[PDB]
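Quick notes on the structure that follows.
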Amino acid sequence: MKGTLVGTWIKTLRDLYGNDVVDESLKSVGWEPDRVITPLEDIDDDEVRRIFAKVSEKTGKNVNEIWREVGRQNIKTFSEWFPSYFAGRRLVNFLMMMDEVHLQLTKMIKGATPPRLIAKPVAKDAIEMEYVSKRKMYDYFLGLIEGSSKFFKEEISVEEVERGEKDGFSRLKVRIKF
Amino acid sequence: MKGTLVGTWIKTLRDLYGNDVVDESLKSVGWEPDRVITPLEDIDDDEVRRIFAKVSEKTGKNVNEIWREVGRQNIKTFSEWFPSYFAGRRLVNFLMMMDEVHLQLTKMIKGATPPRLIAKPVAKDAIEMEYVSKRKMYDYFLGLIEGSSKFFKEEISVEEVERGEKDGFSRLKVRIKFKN
Ligand code: HEM
Ligand code: HEM
Ligand SMILES: [Cl-]
Ligand SMILES: [Cl-]
C-alpha cells in the first residue's frame, strides 16, 4: 500500500475514532504512535490489516464496517491533501477521472498495482463503475463513493450490478444513479 | 543518502545529460546501468560523489555547475514522484514545510543526517531560509530553490546572505524576496 494513502488513513482514523484508539493501534504493530507516513514509503498490507483489526477490537465495530466508514470519511481527508482534484468539479466528473488519477499517483511505483476504476455511461443519467483489484476492498470502495456523494452534496443511487473473482483479481461493478 | 533521492538524481541526470553519460557513470562504480533503487535502500555518499565525478568528466562541466543544474531540474522530477508535496500549494508554503518534510523522510533511518532548512518570514514579501548540513551541497540547495520558482511560476529574488562552515556544519543563509 502506498505511503501517501496509508497516511490519509491514519488521519481519517483519528478523525473517526480518536487519538487514543489510533495511538494504541499503531503501537500494537510496533510503530511510533505519532509516526508520519511519507509518500516515499511502502506499507506492508498485513501491517494495515493488523492496525485495522486492533481498531475493530477497540471500537467493537466489525472490520468491514470500519472500512466503509473510513471510505466515506477519507474523501474529506483527500479534499484537504489534494484540493485540485475537487475544486470546480462535479461528482460525475470526479468519479469519471478516478481511474486516471490512480494511474497518475502510482506510476513510478513498480510493481504498480493500482485499483482499476473505469467508469462508463450506460444511459443518459447514469454510470457503471467497475472496481478491479487483487485487494478485494469492496467496503472501502463503496465507502469512498458514498463519501464523494456526501462531499459534493449530490444524492445518488448505488446498486451492485456484478461481482467476481478470477486469476487472483477481484471485481465489483456498480450502477450509480443521479 | 536516501536511496530514493538518488533514484531521482539518476532520472534527472538522464533528462539533463543523456542515457550514455549516465549509463557509463553508473558502471564506473560497479553498478548496473539500469539499477532500480528501492525505498528501503540507502546509498553511500561517496558512491554519489564518484558518480557525479564521472558525469563531470564526461560532460566537461564543473561538478558544482552539475549540482546547480540537477537542483533546478530535480524539482520537476520530485513533482512527478511526490505529487502530494506540491498539490494545492504555493511557493512559500512549499519552502517553509521543507525542514519538517526532510525530518519526516529520514525519521525511519538509523543515524539521521538530513539537511536542516529552517525558514522564517522576515518581512511582508520575504522569508529567510538557512541550509545547514555536514554535506556542503550549496549549489544543489540553490538549484532546488531556483527550480521551485520556475515550477510554481512565482518570481523571486535570491539574496545570498552568508555561506561558510560554522561549524562542522556548512551553512547557507538566503533571503528570498517575493514580488508580492
Ligand atoms: C482525490 C481523490 C483520491 C485520491 C487522491 C486517491 C488516491 C489513492 C491512492 C494513491 C491509492 C493507493 C493505490 C496503490 O497503492 O495501489 C488509492 C487506493 C484506493 N483507491 Fe483511491 N483515491 C481517491 C479517490 C478514490 C475514489 C473516489 C475511489 C472509488 C470510488 C477510490 C478507490 C480506491 C480503492 C478501493 C483503493 C485501495 C487499493 C485497492 O483496492 O487495490 N479512490 N487511492
Ligand atoms: C518534494 C520535495 C522534496 C523531497 C521529497 C526531498 C527529499 C529529500 C531527501 C529524502 C533527501 C535525503 C536526505 C538524507 O538522506 O540525508 C534530500 C536531501 C536534500 N534536500 Fe531535499 N527534498 C525536496 C525538496 C527540497 C528543497 C526545495 C530543498 C531546498 C530548498 C531541498 C534541499 C535538500 C538538500 C540541499 C539535500 C542534500 C542533503 C544535504 O545537503 O545534507 N530539498 N531531499
Ligand atoms: Cl488490508
Ligand atoms: Cl556528495
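By convention in this document, the chains of the C-alpha cells carry letters A, B, ... by their order, each chain's residues are numbered from 1, and ligands are numbered from 1 in the order they are shown.
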
Requested in this report: Give the strand (DSSP E or B) residues of segment 57-178 of chain A, as assigned by DSSP on the backbone, as a PyMOL selection string.
Outcome: chain A and resi 116-123+126-133+157-166+169-177

When you get a sec, could you note down which chain A residues fall within 10 Å of chain B, using only C-alpha atoms, as an mmCIF file with N, CA and C atoms, in the first residue's frame?
data_model
loop_
_atom_site.group_PDB
_atom_site.id
_atom_site.type_symbol
_atom_site.label_atom_id
_atom_site.label_comp_id
_atom_site.auth_asym_id
_atom_site.auth_seq_id
_atom_site.Cartn_x
_atom_site.Cartn_y
_atom_site.Cartn_z
ATOM 1 N N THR A 4 1.449 7.540 0.894
ATOM 2 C CA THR A 4 0.550 8.692 0.995
ATOM 3 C C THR A 4 -0.863 8.245 1.386
ATOM 4 N N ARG A 35 3.856 8.404 14.375
ATOM 5 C CA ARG A 35 4.535 8.203 13.096
ATOM 6 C C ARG A 35 3.847 8.949 11.958
ATOM 7 N N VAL A 36 4.647 9.611 11.131
ATOM 8 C CA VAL A 36 4.130 10.285 9.953
ATOM 9 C C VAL A 36 4.560 9.529 8.698
ATOM 10 N N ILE A 37 3.628 8.823 8.078
ATOM 11 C CA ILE A 37 3.954 8.054 6.893
ATOM 12 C C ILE A 37 4.112 8.971 5.679
ATOM 13 N N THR A 38 5.198 8.791 4.936
ATOM 14 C CA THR A 38 5.536 9.699 3.838
ATOM 15 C C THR A 38 5.233 9.080 2.472
ATOM 16 N N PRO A 39 5.095 9.926 1.434
ATOM 17 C CA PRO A 39 4.672 9.404 0.132
ATOM 18 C C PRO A 39 5.685 8.389 -0.356
ATOM 19 N N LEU A 40 6.888 8.485 0.194
ATOM 20 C CA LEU A 40 8.002 7.658 -0.226
ATOM 21 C C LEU A 40 7.817 6.174 0.118
ATOM 22 N N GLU A 41 7.169 5.911 1.244
ATOM 23 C CA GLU A 41 7.203 4.584 1.848
ATOM 24 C C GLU A 41 6.221 3.570 1.265
ATOM 25 N N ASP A 42 6.530 2.295 1.483
ATOM 26 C CA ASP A 42 5.667 1.182 1.094
ATOM 27 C C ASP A 42 5.247 0.387 2.338
ATOM 28 N N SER A 79 -9.694 15.734 0.154
ATOM 29 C CA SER A 79 -10.023 17.062 -0.338
ATOM 30 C C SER A 79 -9.147 18.125 0.332
ATOM 31 N N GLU A 80 -8.425 17.717 1.369
ATOM 32 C CA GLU A 80 -7.529 18.617 2.076
ATOM 33 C C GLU A 80 -6.066 18.391 1.679
ATOM 34 N N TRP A 81 -5.705 17.144 1.385
ATOM 35 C CA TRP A 81 -4.372 16.821 0.873
ATOM 36 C C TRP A 81 -4.225 17.145 -0.619
ATOM 37 N N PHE A 82 -5.307 16.976 -1.371
ATOM 38 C CA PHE A 82 -5.276 17.106 -2.824
ATOM 39 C C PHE A 82 -6.434 17.961 -3.312
ATOM 40 N N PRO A 83 -6.454 19.244 -2.933
ATOM 41 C CA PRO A 83 -7.621 20.080 -3.236
ATOM 42 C C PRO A 83 -7.934 20.238 -4.731
ATOM 43 N N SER A 84 -6.930 20.173 -5.601
ATOM 44 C CA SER A 84 -7.164 20.407 -7.030
ATOM 45 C C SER A 84 -8.061 19.342 -7.662
ATOM 46 N N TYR A 85 -8.096 18.157 -7.062
ATOM 47 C CA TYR A 85 -8.935 17.077 -7.572
ATOM 48 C C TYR A 85 -10.419 17.355 -7.352
ATOM 49 N N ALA A 87 -11.680 20.853 -6.609
ATOM 50 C CA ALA A 87 -12.039 22.231 -6.932
ATOM 51 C C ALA A 87 -12.712 22.416 -8.306
ATOM 52 N N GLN A 104 -1.962 7.980 -12.348
ATOM 53 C CA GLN A 104 -1.035 9.099 -12.166
ATOM 54 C C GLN A 104 -0.310 9.058 -10.818
ATOM 55 N N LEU A 105 -1.047 8.774 -9.747
ATOM 56 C CA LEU A 105 -0.467 8.785 -8.401
ATOM 57 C C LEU A 105 0.400 7.565 -8.104
ATOM 58 N N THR A 106 0.510 6.647 -9.039
ATOM 59 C CA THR A 106 1.190 5.392 -8.743
ATOM 60 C C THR A 106 2.350 4.998 -9.669
ATOM 61 N N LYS A 107 2.615 5.794 -10.674
ATOM 62 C CA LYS A 107 3.358 5.273 -11.786
ATOM 63 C C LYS A 107 4.879 5.433 -11.787
ATOM 64 N N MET A 108 5.521 5.594 -10.629
ATOM 65 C CA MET A 108 6.918 5.384 -10.501
ATOM 66 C C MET A 108 6.924 4.363 -9.444
ATOM 67 N N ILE A 109 5.755 3.827 -9.096
ATOM 68 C CA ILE A 109 5.922 2.724 -8.161
ATOM 69 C C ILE A 109 5.652 1.386 -8.848
ATOM 70 N N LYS A 110 6.688 0.559 -8.923
ATOM 71 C CA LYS A 110 6.644 -0.711 -9.637
ATOM 72 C C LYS A 110 7.208 -1.814 -8.742
#

Requested in this report: Residues within 7 Å of ligand 1, counting only C-alpha atoms and all ligand atoms: report them as JSON, numbers by chain.
Outcome: {"A": [1, 2, 4, 5, 75, 78, 79, 82, 85, 86, 95, 98, 101, 102, 105, 106, 112, 113, 114, 115, 117, 131, 133, 134, 135, 136, 137, 138, 140, 141, 142, 144, 145, 148]}

Contacts of residue 139 of chain A at 10 Å or less, counting only C-alpha atoms, minus same-chain residues fewer than 5 places along, as a compact mmCIF listing (two decimals) with N, CA, C and O atoms, in the first residue's frame?
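The file below, out_2.txt, is the result:
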# COMPACT_ATOMS: atom_id res chain seq x y z
N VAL A 63 -14.67 -5.10 11.18
CA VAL A 63 -13.64 -4.53 10.32
C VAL A 63 -14.19 -3.98 8.99
O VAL A 63 -13.73 -2.95 8.49
N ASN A 64 -15.17 -4.68 8.42
CA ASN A 64 -15.80 -4.22 7.18
C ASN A 64 -16.56 -2.91 7.37
O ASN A 64 -16.57 -2.05 6.49
N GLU A 65 -17.19 -2.76 8.53
CA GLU A 65 -17.85 -1.51 8.86
C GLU A 65 -16.82 -0.40 9.00
O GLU A 65 -17.06 0.74 8.58
N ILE A 66 -15.67 -0.72 9.60
CA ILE A 66 -14.58 0.24 9.71
C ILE A 66 -14.19 0.74 8.31
O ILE A 66 -14.07 1.95 8.08
N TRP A 67 -13.99 -0.20 7.39
CA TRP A 67 -13.59 0.15 6.03
C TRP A 67 -14.60 1.06 5.35
O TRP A 67 -14.23 2.07 4.75
N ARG A 68 -15.87 0.72 5.48
CA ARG A 68 -16.94 1.56 4.95
C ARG A 68 -16.82 2.99 5.48
O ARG A 68 -16.78 3.96 4.71
N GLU A 69 -16.76 3.13 6.80
CA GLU A 69 -16.69 4.44 7.44
C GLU A 69 -15.41 5.17 7.02
O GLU A 69 -15.43 6.36 6.73
N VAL A 70 -14.30 4.44 6.98
CA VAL A 70 -13.05 5.05 6.54
C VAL A 70 -13.15 5.54 5.08
O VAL A 70 -12.59 6.58 4.72
N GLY A 71 -13.90 4.82 4.27
CA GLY A 71 -14.09 5.21 2.88
C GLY A 71 -14.83 6.53 2.79
O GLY A 71 -14.39 7.46 2.12
N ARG A 72 -15.96 6.62 3.48
CA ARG A 72 -16.77 7.84 3.45
C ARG A 72 -15.99 9.06 3.95
O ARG A 72 -16.06 10.15 3.37
N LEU A 144 -16.00 5.15 -0.28
CA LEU A 144 -15.48 6.32 -0.98
C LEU A 144 -16.54 6.93 -1.90
O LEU A 144 -16.60 8.15 -2.06
N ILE A 145 -17.36 6.09 -2.50
CA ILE A 145 -18.40 6.59 -3.40
C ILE A 145 -19.46 7.34 -2.61
O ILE A 145 -19.90 8.42 -3.00

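We find atom CA of residue 113 of chain B and atom 37 (C, counted along the ligand's line) of ligand 2 to be spaced 9.6 Å apart.
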
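All residues within segment 105-175 of chain A that the backbone DSSP calculation assigns to alpha helix (DSSP H) are residues 138, 139, 140, 141, 142, 143, 144, 145, 146, 147, 148, 149, 150, 151 and 152 of chain A.
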
Requested in this report: Please identify the residues whose atoms come within 8 Å of ligand 3, using only C-alpha atoms and all ligand atoms, and report them as a PyMOL selection string.
Outcome: chain A and resi 45-46+48-49+52+135+137

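Comparing B:43, B:128, B:156, B:143 by their smallest distance to residue 65 of chain B, the closest is B:143 (using only C-alpha atoms).
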
Each residue of chain B with at least one atom at most 12 Å from ligand 4 should appear once, together with its nearest atom pair and the corresponding distance in Å (one decimal); atoms considered: only C-alpha atoms and all ligand atoms; ordering: chain, then increasing residue number; output as CSV.
residue,atom,partner,partner_atom_place_in_ligand_line,distance
B:1,CA,ligand 4,1 (Cl),8.5
B:2,CA,ligand 4,1 (Cl),11.8
B:6,CA,ligand 4,1 (Cl),10.5
B:9,CA,ligand 4,1 (Cl),11.6
B:43,CA,ligand 4,1 (Cl),10.5
B:44,CA,ligand 4,1 (Cl),8.9
B:45,CA,ligand 4,1 (Cl),5.2
B:46,CA,ligand 4,1 (Cl),6.4
B:47,CA,ligand 4,1 (Cl),8.1
B:48,CA,ligand 4,1 (Cl),5.4
B:49,CA,ligand 4,1 (Cl),4.4
B:50,CA,ligand 4,1 (Cl),8.2
B:51,CA,ligand 4,1 (Cl),9.2
B:52,CA,ligand 4,1 (Cl),8.0
B:53,CA,ligand 4,1 (Cl),9.6
B:63,CA,ligand 4,1 (Cl),10.2
B:64,CA,ligand 4,1 (Cl),10.6
B:66,CA,ligand 4,1 (Cl),11.7
B:67,CA,ligand 4,1 (Cl),9.4
B:133,CA,ligand 4,1 (Cl),11.6
B:134,CA,ligand 4,1 (Cl),10.3
B:135,CA,ligand 4,1 (Cl),6.7
B:136,CA,ligand 4,1 (Cl),8.2
B:137,CA,ligand 4,1 (Cl),7.2
B:138,CA,ligand 4,1 (Cl),10.8
B:139,CA,ligand 4,1 (Cl),11.3
B:140,CA,ligand 4,1 (Cl),10.0

Report task. May I have the residues within 12 Å of residue 13 of chain B as a PyMOL selection string, using only C-alpha atoms and disregarding those fewer than 5 positions away in the same chain? Result -> chain B and resi 6-8+18-26+51-52+54-56+59+66-74+77

Query raised in the report: So, counting only C-alpha atoms and all ligand atoms, which residue among B:118, B:172, B:126, B:95 is closest to ligand 2?
Result: B:95

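Interatomic distance, atom CA of residue 174 of chain A to atom CA of residue 129 of chain A: 5.5 Å.
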